[PDB]
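Asks: Provided herewith is a single structure, encoded as structure tokens, for subsequent inquiry.
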Amino acid sequence: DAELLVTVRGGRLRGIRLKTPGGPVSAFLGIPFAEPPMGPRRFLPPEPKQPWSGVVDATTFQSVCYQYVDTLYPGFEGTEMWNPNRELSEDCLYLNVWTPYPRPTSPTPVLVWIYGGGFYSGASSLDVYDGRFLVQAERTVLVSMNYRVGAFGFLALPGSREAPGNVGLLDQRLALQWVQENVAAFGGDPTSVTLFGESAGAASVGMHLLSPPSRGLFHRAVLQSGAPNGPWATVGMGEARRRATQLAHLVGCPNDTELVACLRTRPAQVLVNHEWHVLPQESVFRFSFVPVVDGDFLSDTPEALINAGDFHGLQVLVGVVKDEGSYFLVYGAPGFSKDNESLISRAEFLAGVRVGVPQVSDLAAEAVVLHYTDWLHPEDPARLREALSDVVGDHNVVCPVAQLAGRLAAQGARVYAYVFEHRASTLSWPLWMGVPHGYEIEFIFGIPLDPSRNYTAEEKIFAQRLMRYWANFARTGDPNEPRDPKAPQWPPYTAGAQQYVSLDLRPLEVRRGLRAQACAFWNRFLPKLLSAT
Amino acid sequence: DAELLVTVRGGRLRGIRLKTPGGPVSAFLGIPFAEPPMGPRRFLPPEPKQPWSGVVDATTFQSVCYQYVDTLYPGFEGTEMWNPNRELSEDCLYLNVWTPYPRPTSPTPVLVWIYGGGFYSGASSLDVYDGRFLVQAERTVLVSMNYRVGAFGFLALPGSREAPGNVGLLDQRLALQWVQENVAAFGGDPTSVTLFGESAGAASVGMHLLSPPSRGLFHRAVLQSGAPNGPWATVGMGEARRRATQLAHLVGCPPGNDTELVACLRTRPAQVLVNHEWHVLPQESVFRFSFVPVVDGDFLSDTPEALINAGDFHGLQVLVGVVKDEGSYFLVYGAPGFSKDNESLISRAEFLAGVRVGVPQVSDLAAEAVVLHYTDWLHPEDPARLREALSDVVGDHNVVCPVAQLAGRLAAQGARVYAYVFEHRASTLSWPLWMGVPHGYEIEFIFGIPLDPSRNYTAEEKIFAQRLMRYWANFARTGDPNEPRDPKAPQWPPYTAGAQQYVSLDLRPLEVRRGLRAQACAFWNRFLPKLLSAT
Ligand SMILES: CCN(CCC/C=C/n1c(=O)cc(C)n(CCCCCN(CC)Cc2ccccc2[N+](=O)[O-])c1=O)Cc1ccccc1[N+](=O)[O-]
Ligand SMILES: CCN(CCC/C=C/n1c(=O)cc(C)n(CCCCCN(CC)Cc2ccccc2[N+](=O)[O-])c1=O)Cc1ccccc1[N+](=O)[O-]
Ligand SMILES: *[C@@H]1O[C@H](CO[C@H]2O[C@@H](C)[C@@H](O)[C@@H](O)[C@@H]2O)[C@@H](O[C@@H]2O[C@H](CO)[C@@H](O)[C@H](O)[C@H]2NC(C)=O)[C@H](O)[C@H]1NC(C)=O
Ligand SMILES: *[C@@H]1O[C@H](CO[C@H]2O[C@@H](C)[C@@H](O)[C@@H](O)[C@@H]2O)[C@@H](O[C@@H]2O[C@H](CO)[C@@H](O)[C@H](O)[C@H]2NC(C)=O)[C@H](O)[C@H]1NC(C)=O
Ligand SMILES: *[C@@H]1O[C@H](CO)[C@@H](O)[C@H](O[C@@H]2O[C@H](CO)[C@@H](O)[C@H](O)[C@H]2NC(C)=O)[C@H]1NC(C)=O
Ligand SMILES: *[C@@H]1O[C@H](CO)[C@@H](O)[C@H](O)[C@H]1NC(C)=O
Ligand SMILES: [Cl-]
Ligand SMILES: [Cl-]
Ligand SMILES: [Cl-]
Ligand SMILES: [Cl-]
Ligand SMILES: [Cl-]
Ligand SMILES: [Cl-]
Ligand SMILES: [Cl-]
Ligand SMILES: [Cl-]
Ligand SMILES: [Cl-]
Ligand SMILES: [Cl-]
Ligand SMILES: [Cl-]
Ligand SMILES: [Cl-]
Ligand SMILES: [Cl-]
Ligand SMILES: [Cl-]
Ligand SMILES: [Cl-]
Ligand SMILES: [Cl-]
Ligand SMILES: [Cl-]
Ligand SMILES: [Cl-]
Ligand SMILES: [Cl-]
Ligand SMILES: [Cl-]
Ligand SMILES: [Cl-]
Ligand SMILES: [Cl-]
Ligand SMILES: [Cl-]
Ligand SMILES: [Cl-]
Ligand SMILES: [Cl-]
Ligand SMILES: [Cl-]
Ligand SMILES: [Cl-]
Ligand SMILES: [Cl-]
Ligand SMILES: [Cl-]
């Protein structure tokens with residue numbers, strides 16, 4: 001019909017009508033927002049997509065940016081749900097727009113979703129990122145982009161104009177500029193753009209908070225299980241150049257301009273096959289090509305920008321899942337597998353500490369062991385497994401988020417914190433993993449409402465609940481319903497009270513302290529210990 | 001009576017019949033076991049008391065060794081109860097013997113009590129150490145002694161024949177030799193001597209464990225709220241000389257040099273040395289004392305920590321325990337914002353400064369680690385938690401963790417170890433309520449002081465003390481506190497390095513618990529030394 005044809009600043013589009021149990025949604029999938037970054041444009045910042053003739057087939061997702069594919073458990077849904085579902089291509093800078101079927105007459109707020117994957121993987125075309133239910137239920141405009149991952153998005157030879165780094169973040173920013181100029185044609189309100197992302201997508205959201213050229217592109221932010229001040233999310237110029245030159249050596253390509261020009265001659269798959277080989281040691285929850293602290297996108301380290309920053313006028317929604325680092329362990333930690341109880345020995349535990357906490361002195365590992373050992377049950381395998389699951393989760397996700405939330409709130413921002421702790425009825429991972437990293441996204445996106453999936457009807461109510469929390473934050477900067485002050489109130493997170501909410505099948509429950517005892521070790525004591533040994 | 005006259009190897013003695021609600025006891029108070037360590041014999045090891053003509057008036061307590069007196073809270077019971085209740089004199093090397101009035105026909109085990117007080121105070125003539133009710137109710141011989149304290153017993157110029165150090169411990173050893181020679185004359189069995197002491201007395205007991213010449217003088221040991229491996233109980237030869245030369249300087253003794261320096265100290269009157277005792281301490285401290293046993297290579301061949309890891313401990317019954325609030329009352333002697341009359345709700349800025357006075361001579365990084373473990377980062381400002389937290393800091397760092405460390409190594413090397421936690425607050429307690437069960441207030445119940453009619457203890461505090469005296473006496477006889485053939489009684493299990501089992505001591509029956517502040521002592525005993533030798 002006529003609702004599926006819209007015209008943006010670059011040309012004409014033809015969308016597709018998507019069906020929801022509660023009605024239809026208008027979807028425009030695979031809108032080009034950048035000229036294909038190929039050949040000489042590899043490793044380079046993106047160029048805005050020049051105008052085109054005719055109409056663009058916007059009825060299906062475009063290609064996935066080149067990335068490593070998980071093959072640890074072949075055919076296992078717990079891993080396959082994150083693998084690409086389209087063909088790999090460097091011609092992948094495309095975005096998507098969902099909008100309610102009766103296109104909103106009044107400007108409706110906009111959610112922009114930035115995906116995770118340790119800056120090495122991810123695609124907006126994944127099924128758990130389907131935004132038809134989130135739009136049909138709450139009547140907002142949802143936008144999701146693809147950004148270059150791996151060396152294609154974050155390889156950096158700092159200083160050189162040919163490999164400047166952070167171009168995957170610049171892909172996101174260009175997509176945000178596109179929203180400022182074109183979301184109005186879909187009913188979106190360019191004055192109510194709320195960024196929300198998970199894992200590296202959440203860390204990416206934190207980057208745009210600390211980057212002035214991005215700050216005028218969105219108004220509020222949601223950081224799900226990720227923060228830019230995490231140990232995995234940023235790398236120094238010295239190590240970034242070390243990892244890039246190590247890749248050029250492994251691929252046969254060893255000044256700076258000579259190095260990059262050779263790398264552009266290698267097929268994209270050839271670089272992907274040597275990605276994990278540039279890491280400085282055997283580790284878990286570490287990724288090769290991540291944003292670099294270079295002085296452009298980030299004037300300083302994310303930690304420094306966070307402390308000295310003024311965040312008045314900012315509303316932030318942050319949170320974690322119950323068991324963040326559980327499934328990371330099966331990717332290199334001794335004695336761990338998704339297929340047994342992973343009841344590890346203490347020798348395996350002490351060895352696993354060095355894998356979860358790499359590039360760290362022997363004394364600091366002793367400090368980690370002292371805090372996470374039950375010295376009445378130092379050998380109990382079950383306690384030891386949960387301990388290492390806490391070591392990885394707290395060090396990489398929880399304590400980075402708690403450090404950011406306290407700093408933002410105590411420096412002008414209005415922060416709301418959560419802990420998603422509902423294990424899905426469909427979860428294919430083992431039971432000892434609990435609620436693993438990334439398994440709140442299905443409910444945030446209202447995937448339970450899909451009839452073809454056998455979520456419990458009580459889980460569908462849970463999904464619609466969470467969808468309202470997010471939409472309420474997007475509209476007002478407050479997740480609470482101003483309609484119903486009888487329902488349990490979600491209080492703001494503060495540096496002192498440290499109040500947060502538990503999200504599960506039960507009604508809201510206010511808890512205090514976001515692992516406050518453990519995160520005092522990671523954020524306060526451990527830096528002093530490394531700075532003195 | 002005939003029971004009040006006995007002949008010891010040095011001469012004759014005239015004793016006293018003492019009265020208890022349950023019966024009488026013979027007691028011989030003020031027996032001279034050493035020649036008076038006065039004048040030129042100051043700072044020197046003791047010499048055996050020369051035999052005497054006629055009888056000795058063993059009917060009243062002898063003097064108290066020269067020591068500091070706690071003038072901090074004049075007339076306060078909790079303070080005055082430990083202050084000396086006899087004339088101060090350097091002529092103080094005397095001991096006392098309690099024995100049942102029907103003098104035992106069979107050889108009976110002997111309990112030897114060593115008082116505490118940071119090696120600077122204490123006396124066997126205190127009311128809390130009265131041996132009537134323990135000897136009457138359980139029919140064991142009890143012996144206590146006076147040993148030199150302060151600089152008189154522990155001033156050390158390492159390497160000099162004039163101030164060789166540890167002479168206060170040599171006083172104790174001489175008393176134990178006297179018990180070996182003479183306790184048989186009172187019904188005591190020289191082959192069943194059990195040492196029990198508290199605070200620095202318990203530390204002394206553990207040092208007799210680690211000193212071979214003392215090892216043939218007893219068979220069992222009880223350490224109450226003290227350990228030889230504490231940070232306060234020993235001192236290095238270099239620091240020992242540094243503290244002693246400064247004392248000579250502060251009394252106008254111009255600093256062979258060592259022979260001159262001691263001879264000048266021998267001239268200054270006794271009270272002058274006491275007045276300048278706490279001034280040789282290196283910095284602001286709490287639970288830290290000036291003149292303590294020195295690791296000189298004689299009495300202590302090595303550091304007590306070293307002697308404990310590789311010792312001769314198999315076939316040794318040891319009783320060990322602490323009170324619930326070991327460090328509470330120390331804080332009022334230097335921690336900012338603390339007083340017995342106040343409620344001591346300190347600010348965090350006072351907590352941080354009080355940490356560095358309870359844990360002195362540590363790096364700033366070490367103090368940061370203490371703050372990390374003992375802060376409640378969900379309520380880091382609450383003055384009520386900060387008050388209890390600094391109590392735990394001083395309590396763990398000085399008593400609990402050194403004691404748990406001792407119990408573990410003894411058990412792993414073949415010692416039958418029994419551990420307790422005394423968690424009953426006395427109704428008579430003069431200290432504020434927030435101090436809980438403070439350091440030293442299990443002694444009254446172990447000695448059966450609740451049985452004194454002139455005291456206003458509960459009727460249940462009376463059956464409590466009779467149960468503790470039973471535990472201690474059963475240990476002295478058998479090396480096992482619980483009753484021999486007792487079906488219905490919560491059995492007291494031995495302490496082990498793995499299970500770490502101990503019992504709670506209060507009006508409620510024996511509750512068996514595991515872990516003697518294990519999470520906290522892992523920091524003090526394991527990680528903190530690594531961090532201290534890596535900065
Ligand atoms: C054993 C021999 N092999 C080893 C490589 C295989 C393992 C790669 N490996 C790691 O070592 C470490 C880590 C941390 N990880 C990331 C895993 C995280 C979970 C992924 N998760 C989906 C559940 C995705 C996700 C979804 C949502 C949010 C966030 C995330 N997220 O955070 O990822 C790894 O994959 C070497 C080799 C030798 C010759 C040729 C080729 C290779 N070679 O290299 O294959
Ligand atoms: C209830 C009775 N209790 C006594 C409580 C023990 C508390 C320790 N306590 C004291 O008793 C007395 C005093 C005076 N103080 C303070 C001395 C430290 C300050 C020195 N400071 C000044 C800047 C440093 C300095 C000085 C001079 C020059 C330069 C510098 N400088 O460099 O700064 C204390 O701490 C006896 C007891 C009874 C039974 C069992 C065990 C015990 N028992 O005792 O355990
Ligand atoms: C639990 O599983 C781990 C994971 O490793 C194995 O798990 C098996 C179920 C099997 O599928 C095997 O192919 C898989 O690799 C076990 O650790 C492994 O133990 C084997 C020896 O039996 C070693 O050869 C492997 O290197 C080792 N893997 C790692 C990562 O260390 C583990 O033994 C098993 N049991 C327990 C109690 O943890
Ligand atoms: C809790 O009490 C302590 C000390 O307790 C006593 O101190 C006496 C001087 C006397 O006033 C008596 O009534 C009191 O109970 C207090 O510590 C002292 O407080 C004063 C007040 O400004 C300071 O000048 C001192 O420096 C300080 N001594 C220190 C820090 O060692 C403490 O303030 C008090 N706390 C309260 C009342 O909240
Ligand atoms: C880096 O690459 C080679 C390595 O030897 C070196 O010759 C480059 O210098 C040349 O510089 C010229 C000046 O602009 C340029 O026109 C030329 O293209 C370039 N050579 C090549 C092969 O690219 C070095 N370039 C630098 C340092 O900018
Ligand atoms: C459960 O879901 C799976 C796939 O989501 C489907 O194949 C199966 O038929 C469902 N079960 C039922 C009873 O419908
Ligand atoms: Cl469909
Ligand atoms: Cl056209
Ligand atoms: Cl499977
Ligand atoms: Cl509308
Ligand atoms: Cl260049
Ligand atoms: Cl730009
Ligand atoms: Cl950072
Ligand atoms: Cl700061
Ligand atoms: Cl190292
Ligand atoms: Cl165990
Ligand atoms: Cl268990
Ligand atoms: Cl505000
Ligand atoms: Cl399972
Ligand atoms: Cl809570
Ligand atoms: Cl915690
Ligand atoms: Cl700090
Ligand atoms: Cl009397
Ligand atoms: Cl005489
Ligand atoms: Cl005669
Ligand atoms: Cl010397
Ligand atoms: Cl023995
Ligand atoms: Cl010194
Ligand atoms: Cl306790
Ligand atoms: Cl508080
Ligand atoms: Cl509270
Ligand atoms: Cl509590
Ligand atoms: Cl009171
Ligand atoms: Cl039993
Ligand atoms: Cl503990």
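Residue numbering restarts at 1 for every chain of the structure tokens, chains are lettered A, B, ... in their displayed order, and ligands are numbered from 1 as they appear.
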Please identify every residue of chain A that has at least one atom no farther than 6 Å from an atom of chain B, counting only C-alpha atoms, and for each give the shortest atom pair and the distance in Å to one decimal, arranged by chain then increasing number, as a tab-separated table.
Replies:
residue	atom	partner	partner_atom	distance
A:375	CA	B:519	CA	5.8
A:513	CA	B:378	CA	5.7
A:516	CA	B:377	CA	5.8
A:517	CA	B:377	CA	5.8
Asks: Can I get the selection written as an mmCIF file, in the first residue's frame, with N, CA and C atoms?
Replies:
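Resulting contents of out_25.cif:
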data_model
loop_
_atom_site.group_PDB
_atom_site.id
_atom_site.type_symbol
_atom_site.label_atom_id
_atom_site.label_comp_id
_atom_site.auth_asym_id
_atom_site.auth_seq_id
_atom_site.Cartn_x
_atom_site.Cartn_y
_atom_site.Cartn_z
ATOM 1 N N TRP A 375 37.327 -19.510 52.971
ATOM 2 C CA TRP A 375 38.424 -20.141 53.696
ATOM 3 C C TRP A 375 37.957 -21.156 54.731
ATOM 4 N N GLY A 513 23.060 -1.877 47.364
ATOM 5 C CA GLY A 513 24.402 -2.366 47.121
ATOM 6 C C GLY A 513 24.527 -3.254 45.900
ATOM 7 N N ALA A 516 28.544 -4.308 46.450
ATOM 8 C CA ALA A 516 29.355 -3.196 46.938
ATOM 9 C C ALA A 516 30.653 -3.677 47.574
ATOM 10 N N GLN A 517 30.609 -4.803 48.288
ATOM 11 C CA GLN A 517 31.816 -5.299 48.942
ATOM 12 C C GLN A 517 32.845 -5.771 47.923
#
Asks: Using only C-alpha atoms and all ligand atoms, which residues have at least one atom no more than 8 Å from ligand 24? Output them as a list in words.
Replies: residues 32, 51, 52, 53 and 56 of chain B
Asks: If you keep N, CA, C and O atoms, can you produce a file of those selected residues as a PDB file, in the first residue's frame?
Replies:
ATOM      1  N   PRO B  32      58.827 -17.186  99.023  1.00  0.00           N
ATOM      2  CA  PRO B  32      59.935 -16.631  98.233  1.00  0.00           C
ATOM      3  C   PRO B  32      60.615 -17.710  97.404  1.00  0.00           C
ATOM      4  O   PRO B  32      61.263 -18.614  97.941  1.00  0.00           O
ATOM      5  N   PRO B  51      68.087 -20.910 101.212  1.00  0.00           N
ATOM      6  CA  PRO B  51      67.302 -21.491 102.307  1.00  0.00           C
ATOM      7  C   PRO B  51      67.315 -20.597 103.537  1.00  0.00           C
ATOM      8  O   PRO B  51      68.285 -19.884 103.807  1.00  0.00           O
ATOM      9  N   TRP B  52      66.216 -20.639 104.284  1.00  0.00           N
ATOM     10  CA  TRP B  52      65.983 -19.724 105.389  1.00  0.00           C
ATOM     11  C   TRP B  52      65.855 -20.476 106.707  1.00  0.00           C
ATOM     12  O   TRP B  52      65.518 -21.663 106.746  1.00  0.00           O
ATOM     13  N   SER B  53      66.127 -19.757 107.793  1.00  0.00           N
ATOM     14  CA  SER B  53      66.019 -20.300 109.139  1.00  0.00           C
ATOM     15  C   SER B  53      64.637 -20.011 109.709  1.00  0.00           C
ATOM     16  O   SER B  53      64.051 -18.955 109.449  1.00  0.00           O
ATOM     17  N   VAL B  56      58.487 -19.253 107.639  1.00  0.00           N
ATOM     18  CA  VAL B  56      58.163 -18.098 106.809  1.00  0.00           C
ATOM     19  C   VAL B  56      56.668 -17.833 106.916  1.00  0.00           C
ATOM     20  O   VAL B  56      55.855 -18.759 106.810  1.00  0.00           O
TER      21      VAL B  56
END
Asks: Quick check, in Å to one decimal: how far apart do CA of residue 244 (chain A) and CA of residue 153 (chain A) lie?
Replies: 12.2 Å
Asks: Give me, as a list in words, the set of residues whose atoms come within 7 Å of any atom of ligand 34, counting only C-alpha atoms and all ligand atoms.
Replies: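 Here is the list of contacting residues: residues 488, 489, 490 and 491 of chain B.
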Asks: Next, dump the selected residues to file, keeping only N, CA and C atoms, as a compact mmCIF listing (two decimals), in the first residue's frame.
Replies:
# COMPACT_ATOMS: atom_id res chain seq x y z
N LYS B 488 24.56 -37.89 77.52
CA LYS B 488 23.78 -36.70 77.17
C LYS B 488 24.54 -35.46 77.62
N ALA B 489 25.35 -34.92 76.70
CA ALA B 489 26.02 -33.64 76.84
C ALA B 489 26.53 -33.27 75.46
N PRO B 490 26.36 -32.02 75.01
CA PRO B 490 26.91 -31.63 73.71
C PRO B 490 28.42 -31.78 73.70
N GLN B 491 28.92 -32.79 72.98
CA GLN B 491 30.33 -33.14 73.06
C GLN B 491 31.20 -32.04 72.47
Asks: Give me, as a list in words, the set of residues whose atoms come within 10 Å of any atom of ligand 5, counting only C-alpha atoms and all ligand atoms.
Replies: residues 160, 161, 162, 255, 256, 257, 258, 259, 260 and 261 of chain A
Asks: Go ahead and dump the residues you just picked, C-alpha atoms, as an mmCIF file, in the first residue's frame.
Replies:
data_model
loop_
_atom_site.group_PDB
_atom_site.id
_atom_site.type_symbol
_atom_site.label_atom_id
_atom_site.label_comp_id
_atom_site.auth_asym_id
_atom_site.auth_seq_id
_atom_site.Cartn_x
_atom_site.Cartn_y
_atom_site.Cartn_z
ATOM 1 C CA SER A 160 48.573 7.514 10.999
ATOM 2 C CA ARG A 161 45.788 8.815 8.768
ATOM 3 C CA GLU A 162 45.213 5.352 7.248
ATOM 4 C CA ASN A 255 56.317 2.114 7.916
ATOM 5 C CA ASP A 256 52.685 2.693 8.899
ATOM 6 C CA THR A 257 51.255 3.560 5.474
ATOM 7 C CA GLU A 258 53.048 0.565 3.956
ATOM 8 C CA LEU A 259 51.547 -1.694 6.633
ATOM 9 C CA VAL A 260 47.929 -0.625 6.097
ATOM 10 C CA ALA A 261 48.061 -0.643 2.290
#
Asks: Apply DSSP to the structure's backbone, then extract all residues of region 85-126 of chain A labelled strand (DSSP E) and return them as a ChimeraX atom specification.
Replies: /A:94-100,108-114
Asks: Find, counting only C-alpha atoms, the residue in B:264, B:443, B:335, B:142 that gets nearest to residue 187 (chain B).
Replies: B:142
Asks: Please check which protein, DNA or RNA residues sit within 8 Å of ligand 8, counting only C-alpha atoms and all ligand atoms, and write them as a list in words.
Replies: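 So the residues close to ligand 8 are residues 11, 52, 53, 54 and 55 of chain A.
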Asks: Would you mind exporting N, CA, C and O atoms of the selected residues as a PDB file, in the first residue's frame?
Replies:
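Contents of again30.pdb, freshly written:
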ATOM      1  N   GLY A  11      16.866   9.334  -1.034  1.00  0.00           N
ATOM      2  CA  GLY A  11      16.102   8.650  -2.055  1.00  0.00           C
ATOM      3  C   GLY A  11      14.835   8.048  -1.478  1.00  0.00           C
ATOM      4  O   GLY A  11      14.419   8.368  -0.366  1.00  0.00           O
ATOM      5  N   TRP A  52      20.674   8.282  -4.163  1.00  0.00           N
ATOM      6  CA  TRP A  52      20.498   7.196  -5.114  1.00  0.00           C
ATOM      7  C   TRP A  52      19.246   7.428  -5.947  1.00  0.00           C
ATOM      8  O   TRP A  52      18.346   8.181  -5.565  1.00  0.00           O
ATOM      9  N   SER A  53      19.197   6.758  -7.094  1.00  0.00           N
ATOM     10  CA  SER A  53      18.058   6.818  -7.997  1.00  0.00           C
ATOM     11  C   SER A  53      17.135   5.627  -7.765  1.00  0.00           C
ATOM     12  O   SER A  53      17.572   4.547  -7.360  1.00  0.00           O
ATOM     13  N   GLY A  54      15.848   5.838  -8.028  1.00  0.00           N
ATOM     14  CA  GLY A  54      14.864   4.793  -7.832  1.00  0.00           C
ATOM     15  C   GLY A  54      14.527   4.587  -6.365  1.00  0.00           C
ATOM     16  O   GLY A  54      14.705   5.469  -5.518  1.00  0.00           O
ATOM     17  N   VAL A  55      14.029   3.389  -6.068  1.00  0.00           N
ATOM     18  CA  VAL A  55      13.663   3.010  -4.710  1.00  0.00           C
ATOM     19  C   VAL A  55      14.551   1.856  -4.265  1.00  0.00           C
ATOM     20  O   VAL A  55      15.015   1.049  -5.078  1.00  0.00           O
TER      21      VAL A  55
END
Asks: Write as a list in words the residues around ligand 6, taking 10 Å as the cut-off and counting only C-alpha atoms and all ligand atoms.
Replies: residues 426, 450, 451, 452, 453, 454 and 455 of chain A
Asks: Would you pick out the contacts of region 520-523 of chain A at 9 Å or less, using only C-alpha atoms, so that residues sharing its chain but fewer than 2 positions from it are not included, and give the list as a tab-separated table (two decimals) with C-alpha atoms, in the first residue's frame?
Replies:
chain	number	residue	atom	x	y	z
A	367	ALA	CA	44.39	-10.53	46.45
A	368	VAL	CA	41.73	-11.84	44.06
A	371	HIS	CA	38.59	-12.18	48.43
A	394	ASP	CA	32.42	-8.58	38.69
A	395	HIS	CA	35.79	-7.67	37.16
A	399	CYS	CA	31.97	-3.36	38.95
A	400	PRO	CA	32.55	-1.28	35.78
A	403	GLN	CA	31.60	2.50	39.12
A	515	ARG	CA	27.93	-6.04	44.87
A	516	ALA	CA	29.35	-3.20	46.94
A	517	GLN	CA	31.82	-5.30	48.94
A	518	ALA	CA	33.33	-6.99	45.89
A	525	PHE	CA	41.88	-1.23	46.26
A	526	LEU	CA	43.23	-3.21	43.30
A	527	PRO	CA	44.34	-0.10	41.31
B	372	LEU	CA	38.87	-2.39	52.49
B	373	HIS	CA	38.13	-5.57	54.46
B	377	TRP	CA	30.87	-0.31	51.68
Asks: Counting only C-alpha atoms and all ligand atoms, name the residues that have an atom within 9 Å of an atom of ligand 12; the answer should be given as a list in words.
Replies: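 So, counting only C-alpha atoms and all ligand atoms, the residues near ligand 12 are residues 170, 173, 174, 177, 213 and 214 of chain A.
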